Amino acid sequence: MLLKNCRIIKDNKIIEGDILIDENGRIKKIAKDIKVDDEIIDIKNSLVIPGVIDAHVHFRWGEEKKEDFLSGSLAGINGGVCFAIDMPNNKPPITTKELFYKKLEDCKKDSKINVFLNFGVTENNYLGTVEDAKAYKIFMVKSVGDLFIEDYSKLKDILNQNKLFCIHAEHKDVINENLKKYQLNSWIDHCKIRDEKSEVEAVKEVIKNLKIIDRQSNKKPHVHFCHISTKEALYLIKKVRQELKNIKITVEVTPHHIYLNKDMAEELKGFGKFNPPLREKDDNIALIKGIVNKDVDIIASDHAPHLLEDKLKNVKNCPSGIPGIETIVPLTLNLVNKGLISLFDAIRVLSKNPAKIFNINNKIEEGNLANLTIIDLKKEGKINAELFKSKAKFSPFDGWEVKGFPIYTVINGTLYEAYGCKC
């Protein structure tokens, strides 16, 4: 297949050229006006970027009414996402080697995109190694089963390893104290119970232990904070990065924590209920500036589908989480078009940094498998949840008009239409 008339992100510039993909799905040649007898697709000077990586999704193994590997990977294709990293809070949670490989088998059967699996860390399994896991997920609050570190005194021992850890950082003791002071009556109460302090104190708890490891140990963990949502946690991470010599810290934010804030909580109802919850407008601003200042490393969706039936319940019965894999790319490109981040900022947080952090080769280079996201940067259009391929066909962004859509997704050389080729 020949992709004709591409504007390509290669190295760190925009070059015009054609991309020739051989029948093994590998990039065979990148050059201007390639003239070959082949199937030809005219890209019409759309932008071709190294395939987007969504480092934080929940495809709901064991709970397939909510999402499965097929519907989740069709949603990724629709969203322009070539790689996804799936979290281990399943039913049952992925806390043993045997469960990992049983899930991996199901993943292989039906995923249409490149999916990687994280392993779930417990107080009992944390020294174990799973060769094919991308990262080890630590929940500092209850999730499912024993996938929840209840004893924070063990964090130093858990983190003192040459491993890539992803951390859901909310502080169990702050939340328990708040549950004694507030009733869960309306949507804003979720934001007060899991308040900004509960995130900040969890981040502080991790950082205190990393300083010890950095000084007293020869292990060099990499710690990736999932969905950071507060200005104060970002500031603390920025500070401690100047103090640590051996340990690398990376930071992920979500589209909903950039765009949405707790003044919207009562209007969003269940579609605004997620963990960590809605924050202040000042936090939205801090996260955007953190992208521009390169304090924020990646954007990931925390794609967390639930049944619509349950998301329409009252705050006490409504599960936390929203789908997002089909909106992460348009919402990020929309920031470029509103002048809040640069085009290269968007490429960095969606494609280049996740590839560096998680060791994924999405590069547009001759010889590499072709995993490409093709975007129409200027296309204006409405997000319409009825056009989602996820089983979760709803979103707080439903009906929003944004600018910038993926139009094609190329998975290991196979061309698919994406959301914007129906807009």
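One-based numbering along the sequence shown.
Look at the C-alpha B-factors of 360-368 and of 56-64. On average they run higher in 360-368. Higher mean CA temperature factor between 253-261 and 105-113: 105-113, per the PDB entry. Remark: of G321, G128, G324, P277, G128 shows the highest value [criterion: C-alpha B-factor in the PDB entry].
When the C-alpha B-factors of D345, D282, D132, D195 are read from the PDB record, the largest value belongs to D132.
Per the deposited record, the Cα B-factor of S390 falls in the lowest third when ranked against the other modelled residues of its chain. In the deposited entry, the Cα temperature factor of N334 places it in the lowest third of its chain's modelled residues. The entry lists a Cα temperature factor for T414 that places it in the middle third of the chain's modelled residues. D302: CA B factor lies in the lowest third for its chain, per the PDB record. Looking at the C-alpha B-factors along this chain, the one for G381 belongs to the highest third.
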